[PDB]
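Examining the three-dimensional arrangement
So the chains spell out like this:
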Amino acid sequence: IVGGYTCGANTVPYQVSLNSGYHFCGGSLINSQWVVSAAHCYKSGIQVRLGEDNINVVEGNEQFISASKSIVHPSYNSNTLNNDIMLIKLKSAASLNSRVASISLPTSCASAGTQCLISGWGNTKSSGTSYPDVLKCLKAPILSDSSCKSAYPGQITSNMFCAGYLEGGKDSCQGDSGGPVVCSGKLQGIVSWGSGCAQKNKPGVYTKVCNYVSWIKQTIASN
Ligand SMILES: N=C(N)c1ccc2nc(C(=O)c3nc4ccc(C(=N)N)cc4[nH]3)[nH]c2c1
Ligand SMILES: [Ca+2]
Ligand SMILES: [Co+2]
């Protein structure tokens with residue numbers, strides 16, 4: 001997260017770290033057996049780390065659970081990153097509590113101007129590299145689709161929104177991939193792509209989860 005702040009240990013209790021020997025992507029717990037993350041985060045050999053604050057120190061609150069199955073969206077295009085979303089099933093249900101909690105799926109999409117919280121363990125430097133060990137958080141608005149589509153001509157689809165600051169300085173980044181964008185208590189976005197991190201006129205693009213609630217509900221019930 002470039003230009004955000006330290007969240008506070010387990011203040012984002014639905015945030016997950018996907019680990020395959022190291023953190024590589026974020027995710028969101030949506031109930032004790034299911035995590036949603038991004039399809040560009042697909043790997044074979046995932047361990048879902050819940051209750052995390054510092055991903056390099058065991059601190060007492062974490063639950064490490066292995067994925068029993070991974071389902072990438074049937075129409076995911078890795079060249080355009082349309083339908084960038086994936087579902088990961090835990091081998092055993094998580095124990096929910098204060099520090100491990102799930103996040104609600106939306107009943108409708110959010111409007112431009114809505115404030116959201118984005119969070120992750122991803123890069124903090126826009127021109128350069130510095131990876132944090134504790135969770136970073138950023139408050140960012142959903143932006144008008146016109147200003148989304150001007151910044152990226154012919155690349156935005158209906159399944160995508162921009163959230164961020166056009167002046168740059170503040171953005172999601174690599175390592176935050178698959179993580180949450182929560183607006184008004186619902187999961188509205190998944191950290192997907194952008195151009196660099198926090199560049200002026202280049203905001204983050206996010207998977208528009210409200211278009212997928214039906215595919216999610218239906219896939220988790222028959223799996
Ligand atoms: N090797 C992998 N399995 C891997 C996984 C995820 C990646 N994501 C990227 C990656 O390219 C990337 N994820 C981004 C997320 C947000 C922004 C942003 N500026 N809003 C930019 C990003 N660039 N490379 C990746 C590689
Ligand atoms: Ca830890
Ligand atoms: Co990424």
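Residues numbered from 1 in each chain as written, not as in the entry; some residues may be left out. Chains lettered and ligands numbered in written order. Heavy atoms only, no water.

Structure determination for this PDB entry was carried out by X-ray crystallography, with a resolution of 2.2 Å recorded in the header.

As a reminder, the rule being used: UniProt positions are given in the numbering used here, feature names are shortened, and annotations may be inferred rather than shown by experiment.
As annotated in the PDB entry, the protein chain carries the name TRYPSIN and comes from Bos taurus. According to the record, the entry carries the title "TRYPSIN-KETO-BABIM-CO+2, PH 8.2". UniProt, in its Subunit section for the protein chain, records the words "Interacts with SERPINA1." The Subcellular location field of the UniProt record for the protein chain holds the comment "Secreted, Extracellular space".

Topic: the pattern of salt bridges
Operational definition: Salt bridge, as applied in this entry: a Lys or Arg side-chain nitrogen positioned within 4 Å of an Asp or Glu carboxyl oxygen. Exposure is judged per residue with a 1.4 Å probe applied to protein chains only, and the accessible area is read against the type maximum: over 50% gives exposed, under 20% gives buried, and values in between give partly exposed.
Within this structure, the stated rule accounts for one salt bridge. With its nearest N and O atoms 3.7 Å apart, the salt bridge here joins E167 to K170. Exposure remark for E167: the relative accessible area of 65% places this residue in the exposed category. The exposure class of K170 is partly exposed, given its relative accessible area of 27%.

Thoughts on the coordination of the cobalt ion (ligand 3)
Tetrahedral metal sites with four donors have an ideal angle of 109.5 degrees; octahedral sites with six donors have ideal angles of 90 or 180 degrees. Under the convention used in this document: Coordination shells were defined by N, O and S atoms within 2.8 Å of each metal, extended to 3.2 Å for Na, K and Ca; water is absent from the atom set, which can make sites look incomplete. Geometry assignment treats four donors as tetrahedral when all angles are between 85 and 135 degrees, treats four as square planar and six as octahedral when opposite donors are over 155 degrees apart and all others between 65 and 115, and treats everything else as irregular. Working definition: helices are DSSP H or I runs of at least four residues, strands are E runs of at least two. Numbering for both runs from the N terminus.
Taken together, the protein donors to the cobalt ion (ligand 3) comprise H40 (NE2) and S177 (OG), at separations of 1.9 to 2.5 Å. Around the cobalt ion (ligand 3), the four donor atoms sit at angles spanning 92 to 130°, and that spread fits a shape best called tetrahedral. Here the residue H40 occupies a position in the loop between strand 4 (34-37) and strand 5 (47-50), and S177 occupies one in the loop between strand 10 (160-163) and strand 11 (180-183), the gap between them amounting to 137 residues. Owing to a relative accessible area of 11%, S177 belongs among the buried residues under this scheme.

As for the coordination of the calcium ion (ligand 2)
The protein atoms that coordinate the calcium ion (ligand 2) are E52 (OE), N54 (O), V57 (O) and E62 (OE), at distances of 2.2 to 2.5 Å. Sequence spacing among the residues donating to the calcium ion (ligand 2) works out to E-x1-N-x2-V-x4-E. Note that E52 is positioned in the loop between strand 5 and strand 6 (63-72) and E62 in the loop between strand 5 and strand 6, a separation of ten residues in sequence. Here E52 matches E62 in class, with each residue buried.

A few points about the site of ligand 1
We apply this condition: Being near a molecule or strand, for a residue, comes down to having at least one heavy atom within 4 Å of it. Polar contacts, as counted here, are pairs of nitrogen or oxygen atoms within 3.5 Å of one another; within protein the pair requires one atom able to donate a hydrogen and one able to accept it, and residues that are adjacent in sequence qualify only if both atoms are side-chain atoms. Residue-level accessible areas treat just the shown protein chains as cover; the underlying method is Shrake-Rupley with a 1.4 Å probe. With a 1 Å grid laid over protein atoms only, a set of points is called a cavity when a 1.4 Å probe fits there but cannot get out and a pocket when it is open yet has protein on both sides within 12 Å along at least five of seven lines; lining residues have an atom within 4 Å of a point. To be counted as sitting in a cavity or pocket, a molecule needs more than half of its atoms within 2 Å of that site's grid points.
In the region of ligand 1, 13 residues are neighbours, and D171, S172, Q174, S177 and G196 sit closest. Residue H40 places a side-chain N or O atom 3.3 Å away from a nitrogen atom belonging to ligand 1. Residue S177 places a side-chain N or O atom 3.3 Å away from a nitrogen atom belonging to ligand 1. In isolation ligand 1 exposes 550 Å². Once the protein is present, 68% of that is buried. Here ligand 1 occupies the largest pocket. When residues in the shell around ligand 1 are grouped by element, the largest group, three residues, is from strand 12 (residues 186-193).

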